[PDB]
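What follows is a set of notes on a single structure, which appears directly below.
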Protein chains: 2
Amino acid sequence: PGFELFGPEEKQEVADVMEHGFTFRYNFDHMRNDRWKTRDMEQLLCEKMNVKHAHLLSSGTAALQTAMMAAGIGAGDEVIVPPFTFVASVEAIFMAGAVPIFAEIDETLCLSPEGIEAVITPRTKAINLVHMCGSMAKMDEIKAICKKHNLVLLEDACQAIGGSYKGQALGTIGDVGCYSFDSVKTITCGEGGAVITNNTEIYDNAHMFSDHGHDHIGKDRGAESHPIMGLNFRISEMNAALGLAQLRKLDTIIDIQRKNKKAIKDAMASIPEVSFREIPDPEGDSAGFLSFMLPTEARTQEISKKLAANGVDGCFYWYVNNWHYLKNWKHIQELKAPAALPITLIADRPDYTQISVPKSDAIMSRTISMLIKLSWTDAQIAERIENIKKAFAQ
Amino acid sequence: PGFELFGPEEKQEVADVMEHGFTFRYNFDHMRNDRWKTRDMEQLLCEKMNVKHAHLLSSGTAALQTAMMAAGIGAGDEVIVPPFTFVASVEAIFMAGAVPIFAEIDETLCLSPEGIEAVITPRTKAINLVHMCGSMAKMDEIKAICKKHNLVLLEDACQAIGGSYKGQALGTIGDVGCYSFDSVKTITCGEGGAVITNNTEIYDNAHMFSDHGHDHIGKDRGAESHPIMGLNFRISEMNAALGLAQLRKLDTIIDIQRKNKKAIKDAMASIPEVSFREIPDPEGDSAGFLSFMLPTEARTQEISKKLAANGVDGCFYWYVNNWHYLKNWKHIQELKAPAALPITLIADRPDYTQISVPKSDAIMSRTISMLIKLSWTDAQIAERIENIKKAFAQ
Ligand SMILES: Cc1ncc(COP(=O)(O)O)c(CN[C@H](CCC(=O)O)C(=O)O)c1O
Ligand SMILES: Cc1ncc(COP(=O)(O)O)c(CN[C@H](CCC(=O)O)C(=O)O)c1O
Ligand SMILES: [Cl-]
Ligand SMILES: [Cl-]
Ligand SMILES: [Cl-]
């Protein structure tokens with residue numbers, strides 16, 4: 001993760017806000033001395049990712065809530081979502097008053113075309129596609145499903161910035177995409193997120209909705225109009241500044257992940273039991289994780305235990321862990337919250353205790369994902385590889 | 001506003017994060033060198049405000065959202081709200097799927113006891129009391145209404161931190177209170193706010209809800225439980241470091257506000273035609289604004305113009321402006337948004353184009369408030385006073 005390359009660039013960029021800038025992302029022209037960090041981050045996103053618009057805001061979660069509202073995805077709408085993703089995917093749908101509809105993942109670890117096909121109803125408004133663990137889904141097929149059924153395609157790219165699919169940056173392919181710059185992402189703001197799109201009406205909705213409907217027109221904040229209601233997901237200039245310094249390092253970061261993942265994957269490919277996640281576009285993998293499969297569930301359990309025992313940290317058996325797989329989200333299953341949620345106001349909706357995702361279970365029960373870190377020396381990679389081989393040894 | 005005193009302490013507090021701390025408000029013990037800026041600002045809010053609990057998060061708006069959820073205020077609940085407040089108040093209610101119910105203000109410019117009483121129904125869960133423009137409501141009578149009717153008392157202290165009523169810090173009298181530390185408030189985090197409360201159950205719900213239900217128990221983040229669903233309103237350590245430095249200056253800010261307020265008011269009191277906002281606890285006034293009334297709307301319009309023409313800046317005729325009075329909120333009245341808001345799932349919603357708050361209109365159509373700045377010199381004040389005098393001269 002990006003935090004591993006914290007150096008003088010980050011310190012300097014943030015100190016500039018404090019020394020010459022201002023803390024608020026808008027206005028204060030007179031006294032911010034032309035320091036617009038948020039603005040600069042958004043433009044650097046547009047230029048690096050080759051998208052028309054980027055709107056930076058308070059978190060990746062706030063991104064998803066904002067992207068959904070901005071795209072016309074609201075109260076009562078069905079939104080297809082996978083059962084392997086971070087909890088925020090499902091929380092944002094529920095908070096919107098929308099209805100999550102689980103669809104199956106495939107061997108890409110992301111929504112399957114056929115899975116999506118099978119749960120499309122007429123209530124369906126959107127697909128919430130997640131590029132999990134730094135790689136991507138079968139995008140041409142999913143795009144075609146969304147075009148044929150008239151569905152909004154939202155990309156959650158919060159774990160895969162710098163990845164691409166056929167020369168298109170992840171997050172730029174659907175109607176709208178989201179990024180996270182939380183403290184453990186590829187690139188960080190400490191906290192922050194972005195909504196990205198080539199659709200200007202979506203962008204306008206996004207910047208307005210994340211700032212109380214403020215049109216952001218003119219130089220008098222107080223005099224601005226509010227064509228819509230909204231909320232507050234503004235990001236500070238210090239958070240943006242840190243993000244600006246980090247995004248300037250994204251290419252180095254992706255190259256290190258790619259190099260490190262390759263070396264480890266290459267040596268693991270001589271262990272016959274190991275299968276690897278499917279990658280539709282190998283050139284476009286951001287390489288944040290090496291995801292591998294064992295032949296059976298029991299064997300997966302055993303390898304997970306032995307990786308840990310042999311010092312191979314940063315391995316995630318998502319199937320049994322609490323934050324990335326539906327099966328261990330009883331809280332979500334049973335709509336637990338200290339006040340009534342909007343989803344409770346909808347009668348005709350899934351019983352969330354009774355979701356079956358058999359084909360996701362089949363894959364995820366045998367899947368372990370290893371985090372690819374930036375700090376690793378070649379000696380440390382060699383040792384990790386030896387520890388992996390010892391973990392598989394029999 | 002606190003931005004007026006930015007100096008070395010704010011620079012130093014944030015540079016301490018970037019040079020020796022970490023960006024994320026939790027965990028990372030091994031590498032943050034004991035810098036817990038978010039933790040410290042929370043503790044300091046507990047000390048200064050004699051409250052048991054403080055939770056710091058991404059904004060004042062997120063504080064309102066989080067406080068409602070944390071106190072049991074949710075979909076279908078009626079929440080009584082003033083027509084004079086920032087838009088965020090009504091936005092936060094709608095987004096919870098709760099039903100804002102407008103009640104009349106009195107000459108305190110806060111909800112009137114009798115206004116509140118006239119609009120209670122069995123569905124009322126809460127009174128959303130706003131301490132507008134730095135001062136308070138008739139808090140003993142309001143608290144009595146909430147006890148007799150078994151209603152949650154939520155305090156929006158987002159514009160009145162440092163204020164008090166009978167020795168009790170504003171935001172601590174009801175069941176839950178809310179602050180803001182946006183860039184133009186009294187005390188700033190750049191962007192930030194907090195939920196304060198003496199009720200541990202409310203606090204626990206607040207810190208969980210604002211971090212995807214994370215329990216925050218133990219040292220391993222991934223091993224934590226999620227008793228409830230949540231969202232992300234986490235605050236960066238950099239935002240917290242700024243608010244920490246600011247919050248240590250709060251006493252000075254408030255002194256300077258009272259002293260400056262008293263100068264202008266003393267002087268305006270000698271203009272026979274002026275009446276002042278009612279202040280239930282004069283020594284508990286935070287003094288962010290001097291608010292005064294004229295006998296007619298026409299005369300208020302006239303004075304507004306003449307004040308600006310004579311260089312009496314910082315004057316807000318809320319009635320006629322976009323961000324703080326129901327009458328100019330067509331967007332809210334007609335529920336304008338790019339996707340359906342959760343309020344739309346409540347089929348016997350009030351019609352928000354038909355709200356009648358005649359007493360509020362009668363006060364607000366004649367009210368003007370003047371922001372008390374901290375930078376003002378003795379001579380700028382003297383010039384201001386004399387300028388106000390010219391404007392009233394007829
Ligand atoms: C796919 C996806 N969507 C949304 C988010 C939300 O991002 P933010 O934290 O900026 O709101 C994450 C964050 N990924 C989490 C970090 C979880 C945590 O510890 O907070 C992860 O997958 O580990 C994510 O991976
Ligand atoms: C009573 C009240 N509640 C909530 C908020 C929202 O806080 P936050 O901005 O942290 O989400 C404000 C903000 N004070 C506004 C400033 C609005 C702006 O310029 O954005 C005001 O009343 O002017 C407020 O005064
Ligand atoms: Cl992989
Ligand atoms: Cl997990
Ligand atoms: Cl006053």
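To be explicit about the labels: the chains of the structure tokens are called A, B, and onward in the order shown, and within each one the residues are counted from 1, while ligands get numbers from 1 in the order they are shown.
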
All residues 8 Å or closer to residue 310 of chain B, only C-alpha atoms, same chain fewer than 6 positions away omitted, as number ranges by chain:
B: 387-388, 390-391

Could you work out which residues of chain B fall inside 6 Å of chain A? Count only C-alpha atoms, and format the result as a PDB file with N, CA, C and O atoms, in the first residue's frame.
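For reference, iface.pdb as written:
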```
ATOM      1  N   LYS B  11      -0.057  24.662  12.128  1.00  0.00           N
ATOM      2  CA  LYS B  11       1.055  24.172  11.295  1.00  0.00           C
ATOM      3  C   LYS B  11       1.818  23.085  12.036  1.00  0.00           C
ATOM      4  O   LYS B  11       2.029  21.982  11.484  1.00  0.00           O
ATOM      5  N   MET B  18       2.471  14.394  10.069  1.00  0.00           N
ATOM      6  CA  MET B  18       3.113  14.013   8.816  1.00  0.00           C
ATOM      7  C   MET B  18       4.548  13.551   9.119  1.00  0.00           C
ATOM      8  O   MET B  18       5.048  12.602   8.525  1.00  0.00           O
ATOM      9  N   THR B  23      -1.789   8.555   9.429  1.00  0.00           N
ATOM     10  CA  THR B  23      -2.907   9.279   8.878  1.00  0.00           C
ATOM     11  C   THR B  23      -4.275   8.829   9.363  1.00  0.00           C
ATOM     12  O   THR B  23      -5.251   9.596   9.286  1.00  0.00           O
ATOM     13  N   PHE B  24      -4.327   7.583   9.836  1.00  0.00           N
ATOM     14  CA  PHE B  24      -5.539   6.815  10.146  1.00  0.00           C
ATOM     15  C   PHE B  24      -5.731   6.901  11.646  1.00  0.00           C
ATOM     16  O   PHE B  24      -4.741   6.787  12.369  1.00  0.00           O
ATOM     17  N   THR B  61     -22.238  17.605   9.237  1.00  0.00           N
ATOM     18  CA  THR B  61     -23.390  16.911   8.654  1.00  0.00           C
ATOM     19  C   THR B  61     -23.373  15.417   8.986  1.00  0.00           C
ATOM     20  O   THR B  61     -24.422  14.833   9.287  1.00  0.00           O
ATOM     21  N   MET B  69     -29.028   8.096  13.855  1.00  0.00           N
ATOM     22  CA  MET B  69     -28.895   6.661  13.909  1.00  0.00           C
ATOM     23  C   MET B  69     -28.534   6.178  15.340  1.00  0.00           C
ATOM     24  O   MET B  69     -29.237   5.302  15.870  1.00  0.00           O
ATOM     25  N   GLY B  72     -31.348   6.059  17.889  1.00  0.00           N
ATOM     26  CA  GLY B  72     -32.605   5.382  17.616  1.00  0.00           C
ATOM     27  C   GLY B  72     -33.589   6.080  16.707  1.00  0.00           C
ATOM     28  O   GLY B  72     -34.704   5.587  16.558  1.00  0.00           O
ATOM     29  N   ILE B  73     -33.149   7.136  16.019  1.00  0.00           N
ATOM     30  CA  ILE B  73     -33.975   8.004  15.171  1.00  0.00           C
ATOM     31  C   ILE B  73     -33.692   7.537  13.755  1.00  0.00           C
ATOM     32  O   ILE B  73     -32.558   7.641  13.285  1.00  0.00           O
ATOM     33  N   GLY B  74     -34.723   7.066  13.076  1.00  0.00           N
ATOM     34  CA  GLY B  74     -34.578   6.383  11.819  1.00  0.00           C
ATOM     35  C   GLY B  74     -35.851   6.353  11.024  1.00  0.00           C
ATOM     36  O   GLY B  74     -36.717   7.198  11.203  1.00  0.00           O
ATOM     37  N   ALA B  75     -35.938   5.414  10.089  1.00  0.00           N
ATOM     38  CA  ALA B  75     -36.925   5.532   9.018  1.00  0.00           C
ATOM     39  C   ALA B  75     -38.315   5.604   9.599  1.00  0.00           C
ATOM     40  O   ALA B  75     -38.612   4.919  10.555  1.00  0.00           O
ATOM     41  N   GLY B  97     -34.311   8.532   6.155  1.00  0.00           N
ATOM     42  CA  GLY B  97     -35.667   8.088   5.902  1.00  0.00           C
ATOM     43  C   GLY B  97     -36.584   8.576   6.997  1.00  0.00           C
ATOM     44  O   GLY B  97     -37.664   8.051   7.091  1.00  0.00           O
ATOM     45  N   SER B 183     -14.432  24.673   7.817  1.00  0.00           N
ATOM     46  CA  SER B 183     -13.412  25.721   7.681  1.00  0.00           C
ATOM     47  C   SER B 183     -13.822  27.140   8.082  1.00  0.00           C
ATOM     48  O   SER B 183     -12.968  27.964   8.349  1.00  0.00           O
ATOM     49  N   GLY B 190     -10.623  21.843   9.316  1.00  0.00           N
ATOM     50  CA  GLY B 190     -10.703  21.892   7.860  1.00  0.00           C
ATOM     51  C   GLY B 190     -12.027  21.306   7.431  1.00  0.00           C
ATOM     52  O   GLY B 190     -12.853  21.973   6.787  1.00  0.00           O
ATOM     53  N   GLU B 191     -12.175  20.011   7.712  1.00  0.00           N
ATOM     54  CA  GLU B 191     -13.479  19.373   7.667  1.00  0.00           C
ATOM     55  C   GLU B 191     -13.468  18.362   8.792  1.00  0.00           C
ATOM     56  O   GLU B 191     -12.484  17.658   9.039  1.00  0.00           O
ATOM     57  N   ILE B 228     -23.339  -4.009  14.295  1.00  0.00           N
ATOM     58  CA  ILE B 228     -24.288  -3.337  13.385  1.00  0.00           C
ATOM     59  C   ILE B 228     -23.668  -3.022  12.032  1.00  0.00           C
ATOM     60  O   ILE B 228     -22.454  -3.075  11.874  1.00  0.00           O
ATOM     61  N   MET B 229     -24.517  -2.735  11.055  1.00  0.00           N
ATOM     62  CA  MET B 229     -24.110  -2.133   9.779  1.00  0.00           C
ATOM     63  C   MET B 229     -23.627  -0.721  10.056  1.00  0.00           C
ATOM     64  O   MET B 229     -23.889  -0.197  11.139  1.00  0.00           O
ATOM     65  N   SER B 236      -9.574  11.969   9.189  1.00  0.00           N
ATOM     66  CA  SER B 236      -8.139  11.798   9.066  1.00  0.00           C
ATOM     67  C   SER B 236      -7.462  12.377  10.291  1.00  0.00           C
ATOM     68  O   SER B 236      -7.985  13.328  10.879  1.00  0.00           O
ATOM     69  N   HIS B 331     -35.774  23.366  -3.576  1.00  0.00           N
ATOM     70  CA  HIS B 331     -35.170  22.035  -3.718  1.00  0.00           C
ATOM     71  C   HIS B 331     -35.636  21.032  -2.647  1.00  0.00           C
ATOM     72  O   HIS B 331     -35.986  19.898  -2.962  1.00  0.00           O
ATOM     73  N   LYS B 336     -36.146  17.667  -4.590  1.00  0.00           N
ATOM     74  CA  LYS B 336     -35.387  17.576  -5.829  1.00  0.00           C
ATOM     75  C   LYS B 336     -34.072  16.847  -5.578  1.00  0.00           C
ATOM     76  O   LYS B 336     -33.277  17.213  -4.688  1.00  0.00           O
ATOM     77  N   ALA B 337     -33.867  15.786  -6.352  1.00  0.00           N
ATOM     78  CA  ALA B 337     -32.605  15.037  -6.347  1.00  0.00           C
ATOM     79  C   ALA B 337     -32.503  14.157  -7.611  1.00  0.00           C
ATOM     80  O   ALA B 337     -33.484  14.027  -8.339  1.00  0.00           O
ATOM     81  N   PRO B 338     -31.283  13.681  -7.954  1.00  0.00           N
ATOM     82  CA  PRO B 338     -31.150  12.931  -9.209  1.00  0.00           C
ATOM     83  C   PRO B 338     -31.585  11.481  -9.128  1.00  0.00           C
ATOM     84  O   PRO B 338     -31.765  10.838 -10.154  1.00  0.00           O
ATOM     85  N   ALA B 339     -31.744  10.997  -7.902  1.00  0.00           N
ATOM     86  CA  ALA B 339     -32.352   9.713  -7.564  1.00  0.00           C
ATOM     87  C   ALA B 339     -33.289   9.907  -6.376  1.00  0.00           C
ATOM     88  O   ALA B 339     -33.165  10.883  -5.620  1.00  0.00           O
ATOM     89  N   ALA B 340     -34.180   8.936  -6.211  1.00  0.00           N
ATOM     90  CA  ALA B 340     -35.271   9.023  -5.230  1.00  0.00           C
ATOM     91  C   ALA B 340     -34.656   8.940  -3.851  1.00  0.00           C
ATOM     92  O   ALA B 340     -33.784   8.130  -3.625  1.00  0.00           O
ATOM     93  N   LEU B 341     -34.997   9.868  -2.967  1.00  0.00           N
ATOM     94  CA  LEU B 341     -34.470   9.872  -1.605  1.00  0.00           C
ATOM     95  C   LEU B 341     -35.277   8.908  -0.699  1.00  0.00           C
ATOM     96  O   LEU B 341     -36.398   8.504  -1.069  1.00  0.00           O
ATOM     97  N   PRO B 342     -34.690   8.453   0.425  1.00  0.00           N
ATOM     98  CA  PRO B 342     -35.401   7.499   1.264  1.00  0.00           C
ATOM     99  C   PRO B 342     -36.752   7.981   1.807  1.00  0.00           C
ATOM    100  O   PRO B 342     -37.651   7.191   1.974  1.00  0.00           O
TER     101      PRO B 342
END
```

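Fit chain B to chain A on the Cα trace, atom for atom in sequence order, and the RMSD comes out at 0.3 Å.
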
Compile the contact shell of segment 148-163 of chain B as an MDAnalysis selection string: residues with an atom at most 7 Å away, counting only C-alpha atoms, same-chain residues fewer than 4 positions apart removed.
chainID B and resid 60 125:135 144 169:171 174:180 185 254 284:286

Protein and nucleic residues near ligand 5, 6 Å, only C-alpha atoms and all ligand atoms, as a PyMOL selection string:
chain B and resi 277+290-291

Straight-line distance linking atom CA of residue 42 of chain A with atom CA of residue 247 of chain A, stated in Å to one decimal:
10.3 Å

Take atom CA of residue 350 of chain B and atom CA of residue 108 of chain B and report the distance between them in Å, one decimal.
26.4 Å

For residue 315 of chain A, work out the shell of residues within 8 Å, counting only C-alpha atoms and skipping chain neighbours fewer than 4 positions away, then give it as a ChimeraX atom specification.
/A:304,307-308,368-371

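Between atom CA of residue 172 of chain B and atom CA of residue 196 of chain B lies a distance of 6.9 Å.
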
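Those residues that approach residue 362 of chain B to within 12 Å, counting only C-alpha atoms, are residues 104, 105, 106, 107, 109, 293, 294, 295, 296, 297, 300, 319, 356, 357, 358, 359, 360, 364, 365, 366 and 367 of chain B; same-chain residues fewer than 2 positions away are not listed.
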
Report the residues of segment 104-333 of chain B whose backbone DSSP state falls under strand (DSSP E), written as an NGL selection string.
:B and (124-130 or 152-156 or 164-165 or 168-169 or 176-180 or 193-197 or 275-276 or 289-293 or 315-316)

Give me the residues near residue 117 of chain B as a compact mmCIF listing (two decimals) with N, CA, C and O atoms, in the first residue's frame, where near means some atom within 10 Å (using only C-alpha atoms) and where sequence neighbours in that chain fewer than 5 positions away do not count.
```txt
# COMPACT_ATOMS: atom_id res chain seq x y z
N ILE B 80 -38.77 16.89 14.78
CA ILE B 80 -39.18 18.30 14.76
C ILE B 80 -37.94 19.21 14.58
O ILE B 80 -36.94 19.09 15.31
N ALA B 103 -41.37 23.17 13.12
CA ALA B 103 -41.95 23.91 14.26
C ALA B 103 -41.44 25.35 14.29
O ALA B 103 -40.35 25.64 13.80
N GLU B 104 -42.23 26.23 14.90
CA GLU B 104 -42.00 27.66 14.87
C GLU B 104 -40.84 27.98 15.79
O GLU B 104 -40.58 27.30 16.77
N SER B 112 -39.35 27.30 19.26
CA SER B 112 -40.18 27.69 20.40
C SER B 112 -40.83 26.50 21.14
O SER B 112 -41.37 25.57 20.52
N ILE B 142 -37.73 23.22 26.75
CA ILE B 142 -37.62 22.22 25.71
C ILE B 142 -37.34 20.85 26.28
O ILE B 142 -37.96 19.89 25.86
N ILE B 145 -40.38 19.30 27.64
CA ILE B 145 -41.26 18.73 26.59
C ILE B 145 -40.75 17.36 26.23
O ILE B 145 -41.51 16.41 26.16
N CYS B 146 -39.45 17.23 26.09
CA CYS B 146 -38.91 15.95 25.66
C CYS B 146 -39.12 14.88 26.76
O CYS B 146 -39.42 13.75 26.45
N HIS B 149 -42.84 13.82 26.89
CA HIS B 149 -43.36 13.14 25.71
C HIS B 149 -42.48 11.98 25.32
O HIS B 149 -42.72 11.35 24.31
```
